[PDB]
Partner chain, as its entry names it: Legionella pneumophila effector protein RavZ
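Okay, here we've got a single chain as structure tokens, the form deposited without the partner chain, with questions on binding and movement later.
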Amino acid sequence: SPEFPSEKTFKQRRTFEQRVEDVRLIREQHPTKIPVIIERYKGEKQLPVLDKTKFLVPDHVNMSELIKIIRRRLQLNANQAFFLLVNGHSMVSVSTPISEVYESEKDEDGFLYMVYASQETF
């Protein structure tokens, strides 16, 4: 509805220059944390909004563990599907530690971006 404001993403809220410097600050103060931005897919109609956007994830945590953490934050029940996507592909099947996902998939600004949805392609 045009009466209600559109959802604005992290990259629309913070400029690239600010994001680049945020990550430099984060990396300096927390070298063992991965800076992750987790957002709901723009067209999502079945899953609620997350109470935070930026997560400093310990670098040993794997993707299966992170998925459980987000499902819990969203208070999902077991009959609700949830997919976590990085750069256009699903992280749902894997046990890769997030440290490795960061090196493979991080944005130019230094953040690792993830999108969640109730479907795997859209």
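Residue numbers count along the first chain shown, from 1. In this text, rigid core is short for the largest set of C-alphas that superpose within 1.5 Å between two forms.
Below, we turn to the form solved in complex with the partner chain, even though it does not appear here.
- With contact defined as any non-hydrogen atom lying within 4.5 angstroms of the partner chain in the entry with it bound, the contacting residues in 54 to 68 are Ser64, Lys68, given in sequence order.
- Aligning the rigid core between the shown form and the other one and inspecting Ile70, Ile26, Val92, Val86, the C-alpha positions shift by 2 Å or more at one residue, which is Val92.
- One change in the entry with it bound concerns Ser93 and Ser104, whose Cα atoms lie at least 3 Å closer than in this form.
- Compared with the form shown here, the Cα atoms of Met91 and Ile69 move at least 3 Å farther apart in the entry with it bound.
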